[PDB]
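1. So I've got this experimental structure, pasted below with the sequence.
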There are 2 protein chains.
Amino acid sequence: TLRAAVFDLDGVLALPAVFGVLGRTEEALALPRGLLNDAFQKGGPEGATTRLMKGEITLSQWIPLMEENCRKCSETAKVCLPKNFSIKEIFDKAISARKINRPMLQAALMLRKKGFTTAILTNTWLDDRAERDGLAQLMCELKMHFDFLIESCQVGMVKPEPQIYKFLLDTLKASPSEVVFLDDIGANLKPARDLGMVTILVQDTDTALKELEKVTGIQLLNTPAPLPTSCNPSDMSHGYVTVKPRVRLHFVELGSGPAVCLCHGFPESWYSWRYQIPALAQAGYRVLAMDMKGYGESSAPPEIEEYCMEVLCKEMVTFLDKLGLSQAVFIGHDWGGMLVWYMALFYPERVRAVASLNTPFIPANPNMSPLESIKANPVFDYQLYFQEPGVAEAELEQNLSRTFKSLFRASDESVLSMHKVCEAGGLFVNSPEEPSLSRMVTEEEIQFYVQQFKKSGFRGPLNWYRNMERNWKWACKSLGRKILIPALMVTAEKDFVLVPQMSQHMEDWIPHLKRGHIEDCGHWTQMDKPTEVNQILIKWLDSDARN
Amino acid sequence: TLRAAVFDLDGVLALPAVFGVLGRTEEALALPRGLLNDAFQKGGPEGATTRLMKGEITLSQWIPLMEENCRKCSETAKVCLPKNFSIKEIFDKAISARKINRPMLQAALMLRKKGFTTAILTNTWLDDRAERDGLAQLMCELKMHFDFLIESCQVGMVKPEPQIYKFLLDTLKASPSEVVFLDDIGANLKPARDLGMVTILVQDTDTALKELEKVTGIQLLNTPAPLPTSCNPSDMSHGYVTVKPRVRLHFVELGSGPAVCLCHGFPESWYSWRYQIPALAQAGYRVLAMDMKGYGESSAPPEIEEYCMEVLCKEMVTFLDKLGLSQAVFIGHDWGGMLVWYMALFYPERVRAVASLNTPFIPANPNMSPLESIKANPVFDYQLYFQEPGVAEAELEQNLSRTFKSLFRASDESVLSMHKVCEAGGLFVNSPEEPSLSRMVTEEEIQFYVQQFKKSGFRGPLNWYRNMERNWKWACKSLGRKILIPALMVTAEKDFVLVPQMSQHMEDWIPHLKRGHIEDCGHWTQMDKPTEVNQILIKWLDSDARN
Ligand SMILES: O=C(O)CCCNC(=O)NC1CCCCC1
Ligand SMILES: O=C(O)CCCNC(=O)NC1CCCCC1
Ligand SMILES: [Mg+2]
Ligand SMILES: [Mg+2]
């Protein structure tokens, strides 16, 4: 029966309720009970606060008016107000103190994930305070999680006025019968209840969620920790920068703050950071998730040398140049990780900080040739299979869906053996024709990769493996250097190709290297342990890259 | 004969020369003359500094080595070094003290503008200091103005080694004969002189430029103040955000720092800010130059209501939402200016600061209808001509080149009479079929507008004028508000349509409104007085929008 849930902001999606700062201030100030509240509702429908809530005047215009009210209220009450009594001071602190009620938001998200039309109905104001950004960021984060956001000051109506509930119903495209409305102010529930829609008087969150869980018949409480926010491609800002006549790089951008450049591995895409893009943006950074040369909407020239590390890094430098960025924090995974270590070794000036997931920084061996070194590692056999131009391309391109379903698997869902590849004569030789769906990815996400790779195939992507000799000679130019800028290395316990122990010596080249380690995490780190990754990166960014 | 000019960095394009900080430190510290310098060149080709300059070790690795050298040099000299002697301290201050020698850069720019192949040849290091960003930003600004940047630490070679000069010649694709090289270190000039290329020992800039002017036969000194940097479309990062199913907004982005959203007028484009995009980016901001709905690469739906101010503003809010931006400074011109005032009146929370060029904020008249108000102003007659769907479209689209050449004109190049439009039955009725080229724009720039408008024509752009009634009713909702966030209003003396006096009352709605006024400046403000505009905006941004 129910199809939509509407949540109030103050006291429901955000706490502590700003409206509740009036009472707390009275006790603290030994003022008569309810004094500040009376001054707040002085005049009712025709009072300053209602005009404020309807958008007739701004918050800064309202402040002086609320002040006179407090005086007039203390006058009939025969009481004085402290000398440093400041309404601006009072609300500034209350507003900034108000945080998102995560469990309430989580419940909204769940209901929405299960087909519910969600909305926010709140009496609010046009905030033009010097500190408005705080409220802006909070609304910015909530907004994306709901189908609709109905703000009183925006629609000229305010609860309890029944007209706004009709507006709600019309916006929702649902009859009262199929709508549950949560509010902490009983008065606001009556109008909704009269229309016949379900209502929940929200005092304490748990109780409120128990009623909500009961009435909707969906688990909302004591539910498992959910996956972080994953962005939708069509809702992202897409950027394109031509770094060379035939080479254009594509990236998705979100957030403000220090620039953080994400560099995916093989055979992935910017979408491989879908879980950290919103998280890092949310943490105060300007995220630039790349489509590395050879992938997605980025150019994919056929020439092998177009993908040697030196060229790839120059291009990323040019990328910063064209965007007018003197630096960016570089965070890479797999092949992208190799690239950031080198960005730091050859262009320290442009790297604010560097971080790699799984991919350890290993210096070139002045003596042993790349081919030799690689043959000395059974698990790296597959890299030899990628050498001959065209072969690997045919196998990986034959059935894209199969390709990504076979590759993108958790540590214990494996179906491939990177060690017996050349021997087997292929990468999927003894792999299912129709692999099951990895717990890490949905059928939709798999198809996103599928469509991205239909554009350029695996030639460009595979070419990254075809410059061993060139990359070796280039890297040798840096054997005398050291990475002295902030650096983070995150190892993945169950990554059987890029094993943790491979990074054990890194300290010799990065003295102040900081670390991170994720257990029971395979090679596809971002997808596997998104929550751990975000927490590790954000912690690191806030302490070493933000300064 | 000459075809290329190569400039050294330290002492030529940047001053004061960092290399010259060694001597100044010796005097200040009463140390033996040349002591610090000796420690700097200790070992010659095999010394620490040469390895540093060749990219073998990083600057931070070099510091400790330079320290030991200073000790060893003071030992043979039988002298001690102050207790708080710090090489890091010394170079940090020197490096950050080093600024771009504007007159030298200006000369390079001129030569390049006249067909010269320009380049930078400098012995430098991989800077991994905690303060590297300073040098990064300086190189970031210089880089774009030259065809090539040859850094010693990047090519493993260093002056005076003749091999690097051959590398230079090869990179330049020019024989010695047609190359002039400027350096402040005589030793570095000999190798070049031996190959036969012209050389200039640069002590003082003026003298150096006199020699350069003489040898190239081009005015480089005492030359007029040049136009600020104007960006090239193909070198910009292009962003696209879908704000609604059928509406995608395009923008050009440059720089880092607070977000600054530029909103052009009618009938323009993001390219109308070509002169301020680099300037504002350079001043420490992240510039987002929009293609306003209905223009360039932004969507242009046919429906008239798709362009009423309320919808246009909601879309810009969504634009910020999708980009993960809680706020942006909004700077608009002409119709874009009208839009920012309203962004500030209805979404103060999202506007960090607001600024308008030419377009004054005028509140709706509760009594007089829009049509009536507009008819009461002879100069606004043209707005009536734009009402009938299709008419204005035909005239403006008939000959695009003519359209923009006729419109984009300085205060004293006018050929149109906005006042007798309806009477004349057209906008170009008594205008040249082949207007001359305005001093404000080149034939190329005119063609850029031409190609942009070939995509959607003037329907969408003209639709901005077709929502008077709707915009009026919407604006009436704000008659009780005031703009209390930082606001800037820049009037243009010779703008005969958006006249300065039209903004005289603005203070009544924006008490703390700051102002700016550009003399002998027409309607096309950005194009007309780019230098004045940049200076006025940057000054305002740094004091009111940066905080
Ligand atoms: O998940 C899998 O089974 C294989 C993934 C393929 N990854 C790489 O080839 N990484 C290289 C990055 C650069 C250093 C060498 C390994
Ligand atoms: O340069 C010229 O001759 C005409 C330029 C056309 N500009 C406008 O129509 N501006 C409107 C902005 C919104 C307020 C009314 C004027
Ligand atoms: Mg409430
Ligand atoms: Mg020099």
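-> That came through, no problem. Numbers count the residues shown, from 1 in each chain, chains lettered A, B, ... in the order given. Ligands and ions are numbered 1, 2, ... in the order given.
2. check contacts around the closest residue to residue A:440 other than its chain neighbours.
-> Nearest residue to residue A:440, sequence neighbours excluded (CB to CB, 6 or more residues apart in numbering or on different chains): residue A:527, at 4.5 Å. Using the backbone N, CA and C atoms, a C-beta is placed for each residue, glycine as well. Residue A:527 is in contact with A:272, A:275, A:408, A:440-441, counting by CB atoms under 8 Å, 6 or more residues apart in numbering or on different chains.
3. At the contact with ligand 1, which residues of chain A appear?
-> Contact residues, chain A versus ligand 1 (CB under 6 Å from any ligand atom): A:266, A:334-335, A:338, A:359, A:407, A:416, A:418, A:497-498, A:523.
4. From ligand 4, how far out is residue A:63?
-> Separation of residue A:63 from ligand 4 (CB to the ion, to the nearest Å) stands at 59 Å.
5. What are the contacting residues of whatever helix or strand that residue lives in?
-> According to DSSP states H and E, residue A:63 maps onto helix A:59-76. Identification of contacts with helix A:59-76 by CB under 8 Å, 6+ apart yields A:31-32, A:35-36, A:38-40, A:42, A:47-49, A:51-52, A:57, A:80-81, A:85, A:87-88, A:91, A:125-129, B:480-482, B:484.
6. So for that helix, what gets flagged as buried?
-> A:59-63, A:65-67, A:69-70, A:73-74 (16 or more other CB atoms under 10 Å in any protein chain shown).
7. OK, contacts around the closest residue to residue A:308 other than its chain neighbours?
-> Computed as CB to CB, 6+ apart, the closest residue to residue A:308 that is not its neighbour in sequence is residue A:467, at 3.7 Å. Contacts for residue A:467 were tallied using CB under 8 Å, 6+ apart; they are A:304-305, A:307-309.
8. Any figure for the gap between the residue in the stretch 51-200 of chain A positioned nearest to ligand 3 and ligand 1?
-> Proximity of the stretch 51-200 of chain A to ligand 3 (CB to the ion) peaks at residue A:184, 4.5 Å away. In this view, residue A:184 and ligand 1 are 50 Å apart by CB to the nearest ligand atom, to the nearest Å.
9. That residue: how many residues sit nearby?
-> 21 (other CB atoms under 10 Å in any protein chain shown).
10. which residues touch the most centrally placed residue in chain A?
-> Of all residues in chain A, the one closest to the mean position by CA atoms, centre = their mean is residue A:278, 1.6 Å from it. By CB under 8 Å, 6+ apart, the contact set of residue A:278 is A:228-231, A:254, B:324.
11. Swap in 10 Å and give it another go.
-> A:141, A:144, A:228-231, A:236, A:254-255, A:287, A:534, B:324 (CB atoms under 10 Å, 6 or more residues apart in numbering or on different chains).
12. Nearest to residue B:295, out of the residues you listed: which one, please.
-> For those, the closest approach to residue B:295 (CB to CB) belongs to residue A:236, at 22.0 Å.
13. pretty sure that closest one is touching residue B:241, no?
-> Yes - under the criterion of CB atoms under 10 Å, residue A:236 makes contact with residue B:241 at 7.8 Å.
14. The residue in the stretch 301-450 of chain A that ligand 4 sits nearest to: neighbour count?
-> Using CB to the ion, the single residue of the stretch 301-450 of chain A nearest to ligand 4 is residue A:349, 18.5 Å away. Neighbourhood size, residue A:349 [other CB under 10 Å]: 25.
15. How much space separates it from residue A:536?
-> 26 Å (CB to CB, to the nearest Å).
16. Ok, residue A:360 next?
-> 16 Å.
17. Please apply the same query to residue A:122.
-> 35 Å.
18. Same drill for the two, tell me which one is more crowded.
-> Taking other CB under 10 Å, residue A:122 and residue A:536 do not tie; residue A:122 has more neighbours (26 against 20).
19. got the CA positions of the helix holding residue A:63 in CSV?
-> Extracted in CSV, the C-alpha atoms of helix A:59-76 (Å, rounded to 0.1, in the frame of the first residue of the first chain):
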residue,chain,number,x,y,z
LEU,A,59,17.4,34.9,7.6
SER,A,60,19.6,38.0,8.1
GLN,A,61,16.5,40.2,7.7
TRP,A,62,14.7,38.0,10.3
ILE,A,63,17.5,38.2,12.9
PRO,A,64,16.8,41.9,13.9
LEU,A,65,13.1,41.1,14.0
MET,A,66,13.5,38.1,16.3
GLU,A,67,15.6,40.3,18.6
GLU,A,68,12.8,42.9,19.1
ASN,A,69,10.5,40.0,19.8
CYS,A,70,12.8,38.6,22.6
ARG,A,71,12.8,42.1,24.1
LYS,A,72,9.0,42.5,24.0
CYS,A,73,8.6,39.0,25.4
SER,A,74,11.0,39.6,28.3
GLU,A,75,9.1,42.9,28.9
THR,A,76,5.6,41.4,29.5
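20. before we move on, the earlier item: which strand or helix spans the residue nearest to residue A:440?
-> helix A:525-528.
21. Quick one: name the residues of the stretch 301-450 of chain A near chain B.
-> The stretch 301-450 of chain A has residues A:314, A:317-328, A:344-352 near chain B, with proximity defined as CB under 10 Å from any CB of the partner chain.
22. Tell me the secondary structure at the residue nearest to residue A:247 when sequence neighbours are not counted.
-> Closest residue to residue A:247 apart from its sequence neighbours, by CB to CB, 6+ apart: residue A:299 at 4.6 Å. Following DSSP: H, G, I helix; E, B strand; the rest coil, residue A:299 is assigned to coil.
23. In contact with residue A:299, which residues?
-> Here residue A:299 is in contact with A:240, A:242-250, A:291, A:293, A:306, A:315, A:456, A:460 (CB under 10 Å, 6+ apart).
24. do the same with residue A:340
-> Here residue A:340 is in contact with A:261-263, A:313, A:316, A:329-333, A:351, A:353-357, A:359, A:361, A:487 (criterion: CB under 10 Å, 6+ apart).
25. still on that earlier bit, following element in sequence after the helix holding residue A:63, please.
-> helix A:87-97.
26. now the angle from that following helix to helix A:59-76?
-> 120 degrees (axes from the mean of the first three to the mean of the last three CA atoms, to 10 degrees).
27. and whatever helix or strand comes next after helix A:87-97, anywhere near chain B?
-> Reading on from helix A:87-97 to the C-terminus, the next helix or strand found by DSSP H and E is strand A:99-100. No - Strand A:99-100 does not reach chain B (CB under 10 Å from any CB); its nearest approach is 14.1 Å.
28. What is strand A:99-100 packed up against?
-> Helices and strands touching strand A:99-100, by 3 or more CB pairs under 10 Å, 6 or more residues apart in numbering or on different chains; DSSP states H and E, are strand A:14-15, helix A:132-143.
29. Run through who's touching whichever helix or strand comes after the shortest one.
-> When you say that, I think you mean strand A:14-15. Later in the chain than strand A:14-15, the nearest helix or strand by DSSP H and E is helix A:21-28. With contact meaning CB under 10 Å, 6+ apart, helix A:21-28 is reached by A:16-17, A:31-41, A:66, A:70, A:82, A:85, A:87, A:89-91, A:93-95, A:97-98.
30. Equivalent analysis for stretch A:160-173, please.
-> A:3-6, A:45, A:50, A:54, A:117-119, A:121, A:123, A:147-148, A:150, A:152, A:155-159, A:174-176, A:178-179, A:181, A:183, A:185-195, A:197.
31. mind redoing it with 8 Å?
-> A:4, A:6, A:117, A:119, A:121, A:148, A:150, A:152, A:155, A:157-159, A:175-176, A:179, A:187-188, A:190-192, A:194-195, A:197.
32. Now list the buried members of those.
-> If we count by 16+ other CB under 10 Å, the contacts of stretch A:160-173 have these buried: A:4, A:6, A:117, A:119, A:121, A:150, A:152, A:155, A:157-159, A:176, A:179, A:188, A:191-192, A:195, A:197.
33. from these, which ones fall inside helices?
-> Within the buried ones among the contacts of stretch A:160-173, residues falling in helices by DSSP state H are A:152, A:155, A:188, A:191-192, A:195.
34. now those in JSON lines, with distance to residue A:450?
-> As requested, those are exported to JSON lines (distance: CB to CB, whole Å):
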{"residue": "A:152", "distance to residue A:450": "45"}
{"residue": "A:155", "distance to residue A:450": "43"}
{"residue": "A:188", "distance to residue A:450": "48"}
{"residue": "A:191", "distance to residue A:450": "49"}
{"residue": "A:192", "distance to residue A:450": "45"}
{"residue": "A:195", "distance to residue A:450": "46"}
